[PDB]
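# Survey of secondary and tertiary structure
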Amino acid sequence: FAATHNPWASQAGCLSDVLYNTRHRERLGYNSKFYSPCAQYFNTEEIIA
Amino acid sequence: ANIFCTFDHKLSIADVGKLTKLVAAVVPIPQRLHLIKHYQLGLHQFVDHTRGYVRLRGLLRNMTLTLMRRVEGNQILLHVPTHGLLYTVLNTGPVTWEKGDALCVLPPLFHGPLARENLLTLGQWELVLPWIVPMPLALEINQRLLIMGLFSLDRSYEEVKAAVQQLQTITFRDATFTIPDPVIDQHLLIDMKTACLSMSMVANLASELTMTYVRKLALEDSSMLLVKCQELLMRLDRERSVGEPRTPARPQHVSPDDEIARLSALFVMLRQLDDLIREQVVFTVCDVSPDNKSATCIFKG
Amino acid sequence: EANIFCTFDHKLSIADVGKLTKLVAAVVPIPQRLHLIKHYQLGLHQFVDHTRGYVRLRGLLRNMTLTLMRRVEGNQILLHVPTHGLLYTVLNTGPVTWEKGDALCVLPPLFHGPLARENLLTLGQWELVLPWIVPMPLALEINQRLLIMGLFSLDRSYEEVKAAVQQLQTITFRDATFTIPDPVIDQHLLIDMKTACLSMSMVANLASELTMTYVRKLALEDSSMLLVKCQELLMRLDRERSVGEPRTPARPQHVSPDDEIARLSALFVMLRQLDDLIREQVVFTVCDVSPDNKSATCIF
Amino acid sequence: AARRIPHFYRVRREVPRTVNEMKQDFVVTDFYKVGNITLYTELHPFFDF
Amino acid sequence: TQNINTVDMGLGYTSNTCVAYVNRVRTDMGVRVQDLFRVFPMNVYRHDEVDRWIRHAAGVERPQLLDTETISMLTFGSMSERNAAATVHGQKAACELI
C-alpha cells in the first residue's frame, strides 16, 4: 500500500528498467549468452502475457 | 535419407491445405537430426530487430538446406538433397526463372510483408522461407545493399538521397523491387556496419602497405608487373596528395610488431567478408515448368 | 577405375596387420590415379622432406589424389577412391577436435608436441605418414599464417623474425596447440607474394574515394570498442604516414551508382583473386561426428 | 645537485611513482583483493622486491 | 520412430508433483558481482584515456589483438568469461541493482 519502494527501479525509464529489459538490452547491444537473475523481474512482456 | 519434423502446436486441416501448397521448396535447418522440432525449421529463430541481413546470409551459408517432400497428419517428410542428382524445386522466389540459370539462396528482404507468407504462421512463430534468386541478381543485389550501407552514414545531403532512391529501385526482366534500406532510425544495423567498415579499412591498409611490400619483394628478381604496380601506385599518389601537406615523412624503418599486426588485421577483416564476397552456387535448372511455378533443378554443393 | 589394389614387397606380421586393421576409412594420398599400384609411393613418405618446404608439401598434397583405406587381408590393401558427392566415413588420427557442421581440408601434418613419430606402420626404412584432416577455420588460419610468415620476413635479420615467429607459429585451436615445422621461403611462395601484392595494389587503386575515408567518418560519428581499436590502428598508420592532422571529409562530389557498382564489382573480383590464395576448397562436409572424436561421416 | 635542483624540474614531464607508493595506498581488506597489483612485489616479510 | 501421444482423460487436475528433498546446492551463494563489461562489451567511454584508466583501475582487460573471435564476441556474443582454474565452490552467481 505504498507507491514505490525504489524510484530508481520501478519507473518505465529508470536505469534498471533500461538495464535489464531484454528489449532495452537488445536495443543496447548486449551479450545474449550471459544470464542475469533480475531479468525475469524487469521484462514486462511475459508479465503482460 | 529422410527427416521428420513434427509440430507441437494444434494445426487445422485448413492449415494443412495452406501448408501443402509449399510442397517442394527449400527450408533451412541448422543441423541434421532424424527428428526435429519445428521451432528450428525456418529462419524465424534467427530473424529479429537488431541482427540484420548479413547475419542471416552468414548463418544461411552453413545452414543445411532441405527440400520438402510430403505433409502428414502431424509431421513433415523432408528430403535432404544430394550432389549431382536432379530434384523439383518450386519458385517461391520473387524473380522468375529461365532455363540454364544458376541459382543461389539468399534470405528474404520482405520481412513481414503484405502477403505474410500467405498467412502461414503460429503463436509467436511465423514460418519464413529463404529466397531462391539467380546468381547474377544475387551478387548485384549484395553489391547494391552494400553501397547502400556506405551512403547510410552521409545521409545529410539530398543528392545522396536521390542516389539511394535510385538504389532502392532494382531492374530485371519483368521484375522491379524497392530494396529496403539497412539504415533505420538514422542508424545502421550492426552487421552492415562491421562489414562496410572492415571493407573500407582493408582498402586503407592496402593503400598504405602495398608500397613497402612491393619494395620488399622487388628487392628480389623483378618483372614488368611489379614495375607497373609501382607505377599504378605512383599514379594514385600523384592524384591523391595534391592538397595534402608536403613532407609527410613515411619511414622505411618500422618496428615488426606494427606490420605483423597490420597484416593479420587486414587478413581477418577481409576474412570476415567472404560470406558476402563468394556467392556459393546451390542450383542450376535443367527444365522450367510453364508459368515458372516450379523447375527441375540439379543440386550443387 | 574405382577400387585400387596396392601390394607389399615385405611380409606383414600379426602386429603389422593388427595396426593396419585399425586404419580402416582413413584417407591416404595417391599421386597416380592408377590401378595396380605399389606401396612406396603410397602415402607421403616418398614426398616428405624436412628442410625442403612445408608449402611444397602443401601444394603437392592439394595436387595429389585422395583415397580411402578399407579391407586389408594380408599383402593386399584395397584402396577405394571416394566418388564425388556420395556420403562416406572417415577416421582421423590428427589430434584436433571436429564438429558436426563444419567443413574439412587436407594439410601436411605438423608435430603436436609430444613427438610420437609412430603412425603405426613401418616397413624397414619405409614408414607411413598420414596427411592431417583439419577443420576449415584452422586450415585457412594456418594458410594465412604461413602467408604472413612469407610476406613479412623478407629483408630482415634473424632476431626480429625469430621474435615474430615464436608467437606466430603457435596456434591454439579448440584447446590444442600447433606449430609449423618448416616455414622456409619458396619460389612458389614468391609467386604467392606476387599475386598478393598485385591484388592489394589493385584494391588500393580502384577502391572508391569514400571508402578510403569511410572509417574516418565512422570515427567522427560513433565510438565503439572495435571502433576504438580500428581508430587506434588507422591513426597509428596515419602518423606513420603523415604527422599532419587528417582533415574532415565533406560532401563527396563524384556520386554515381553505376560507378560504385562497377568499381566495387571489380573490387570483389580482386578480393576473390586474393582470397583464393588462402581459401582452400573443401574436401569433406560433415553429416555426423563420433562422440570419441575418432571417426565421422562426411558427405563428399 | 644542490645548485641544479631546478634542472630536474626544467624538463616538464610526469614521472611514474614507485610500486612502494603503488602499494601503500591500499586499505587492509583491499590488499588481498585481486584488483591489487603489487602482490608480485611482496615475497618476504623482511625484504621488498 | 514410435509416434505416441497423450490425451488428458481427467478434468480439472488429476496429477500433482511435490518438491520434496534437497540433495545439495549447485551454486555457492557467491558474491562475485556480475561483470557488466562482459555483458556489454561494445560500450566504451567517449574520451579515450578515461576509458583506459577506468578499465585499468577496475582491473578488466581489453582485447589486445583483433581476431574473428573478438568480432564474433562483439557481434554475436559468446563465452567471454573464461573458466576459472580451480573451483571448489562450484558455480557462481551474483548481480546488482541500485
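Summarised in this report is the structure supplied together with it. (Residues numbered from 1 in each chain as written, not as in the entry; some residues may be left out. Chains lettered and ligands numbered in written order. Part of a larger assembly, values for the part shown. Heavy atoms only, no water.)

Between chain B and chain C, the residue contacts involve 68 residues of the former and 69 residues of the latter. Of the roughly 6,500 Å² buried between chain B and chain C on both sides combined, carbon and sulfur atoms contribute 71%. If you look at where chain B meets chain C, you find seven salt bridges. When the shortest N-O distance is used, the salt bridge between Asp 274 of chain B and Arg 279 of chain C registers 3.2 Å. Taken together, chain B and chain C are joined by 13 residue pairs in polar contact. Secondary structure elements with two or more residues in the side of chain B that touches chain C: α4 (135–150), α5 (159–168), α6 (190–218), α7 (224–240), α8 (256–271) and α9 (274–277) of chain B. The leading source of residues in the side of chain B that touches chain C is α6 of chain B, at 19 residues. The class makeup of the residues in the side of chain B that touches chain C is 39 nonpolar, 11 polar and 18 charged. (Contact = heavy atoms within 4.5 Å. Buried area = accessible area lost by both parts, 1.4 Å probe. Salt bridge = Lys/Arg side-chain N within 4 Å of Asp/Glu carboxyl O. Polar contact = N/O pair within 3.5 Å; in protein donor to acceptor, adjacent residues only side chain to side chain. Helix = DSSP H or I, 4+ residues; strand = E, 2+ residues; numbered from the N terminus. Nonpolar A, V, L, I, M, F, W, Y, C, P; charged D, E, K, R; others polar.)

The next thing to look at is the sheet that holds strand β5 (residues 87–91) of chain C. Residues and elements named next belong to chain C. One open sheet accounts for five strands, arranged β5-β13-β12-β6-β9; its pairing is antiparallel. With partners counted over all chains shown, the strands left at the sheet margins are β5 and β9 (132–135), one partner each. Pairs of neighbouring strands in the sheet enclose a mean axial angle of 45°, with direction left out of account. Pairing of strand β6 (residues 103–107) with strand β12 (residues 284–289), which is carried by two bridges, proceeds in the antiparallel orientation. Pairing of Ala 103 across the sheet is with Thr 285, part of β12. Relative to the sheet, helix α3 (residues 136–152) contacts β6 and β9, its axis offset from that of β9 by approximately 100°. (Pairing = 2+ DSSP bridges. Axes fitted to C-alpha atoms, helices over the stretch in contact; angles between N-to-C directions.)

Moving on, we get to the packing of α6 of chain B against helix α5 (residues 187–205) of chain C. Geometry of a packed helix pair, given as the angle between the helix axes and the separation of the axes. Here α6 of chain B crosses α5 of chain C at 140°, and the two axes come no closer than 8 Å. Put simply, α6 of chain B runs oblique to α5 of chain C. The two elements α6 of chain B and α5 of chain C meet at a crossing, and its hand is left-handed. Contacts between α6 of chain B and α5 of chain C involve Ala 203, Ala 206, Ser 207, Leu 209, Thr 210, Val 214 and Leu 217 of chain B from the former and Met 193, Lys 194, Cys 197, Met 200, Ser 201, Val 203 and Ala 204 of chain C from the latter. Its residues placed into classes, the contact of α6 of chain B with α5 of chain C shows 10 nonpolar, three polar and one charged. (Parallel < 35°, antiparallel > 145°, perpendicular 65-115°, else oblique. Left-handed = near helix turned anticlockwise from the far one by under 90°.)

Across all of its chains, the model carries eight aromatic pairs over all chains by this definition. When the centroid spacing of 5.5 Å and the interplanar angle of 75° are considered together, the rings of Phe 283 of chain B and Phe 299 of chain B count as edge-to-face. Taken together, the residues span a long stretch of sequence, with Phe 283 of chain B in strand β13 (residues 283–288) and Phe 299 of chain B in strand β14 (residues 294–299) at a distance of 16 residues. Look at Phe 283 of chain B and you get buried, because its relative accessible area is 2%. For the ring pair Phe 31 of chain D and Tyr 32 of chain D, a centre distance of 6.1 Å and an interplane angle of 85° mean the geometry is edge-to-face. Here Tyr 32 of chain D falls in the exposed class, since its relative accessible area comes to 70%. The ring of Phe 76 of chain E is capped by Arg 51 of chain B, whose NZ or CZ atom sits 5.9 Å from the centre of that ring. (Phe/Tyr/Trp six-rings, centres within 6.5 Å; stacked < 30°, edge-to-face > 60°. Buried < 20%, exposed > 50% of the residue type's maximum accessible area, 1.4 Å probe, protein only. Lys NZ or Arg CZ within 6 Å of the ring centre and 35° of its normal.)

As a further point, take the pattern of salt bridges. Scanning the entire structure with this criterion turns up 32 salt bridges over all chains. Here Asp 51 of chain E ties to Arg 55 of chain E by a salt bridge, and the two come within 3.0 Å at their closest N and O atoms. One end of the pair, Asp 51 of chain E, and the other, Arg 55 of chain E, are both in helix α2 (residues 48–57), four residues apart, so they sit about a helical turn from each other. There is no split in this pair, since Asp 51 of chain E and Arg 55 of chain E are both buried. A single network of salt bridges, built from pairs that share partners, joins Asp 274 and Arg 278 of chain B together with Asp 275, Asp 276 and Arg 279 of chain C.

A cluster of nonpolar side chains, namely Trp 8, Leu 15, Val 18 and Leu 28 of chain A together with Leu 97 and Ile 98 of chain E, defines an oily patch on the protein surface of about 570 Å² accessible area. The class of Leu 28 of chain A is partly exposed, set by a relative accessible area of 42%. (Patch = residues over 30% accessible without salt bridge, like charges linked within 9 Å, V, L, I, M, F, W, Y side chains within 5 Å. Areas by Shrake-Rupley, 256 points an atom, 1.4 Å probe, with all protein chains shown as cover.)

What follows is about the environment of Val 285 of chain B. Residues and elements named next belong to chain B. Here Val 285 shows up in strand β13. Note on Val 285: relative accessible area 5%, which makes it buried. As for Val 285 and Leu 86, which are separated by 199 residues in sequence, their C-alpha atoms are 8.9 Å apart. Those residues in contact with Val 285, other than ones at most four positions away along the chain, are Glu 98, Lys 99, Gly 100, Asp 101, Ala 295, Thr 296 and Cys 297.

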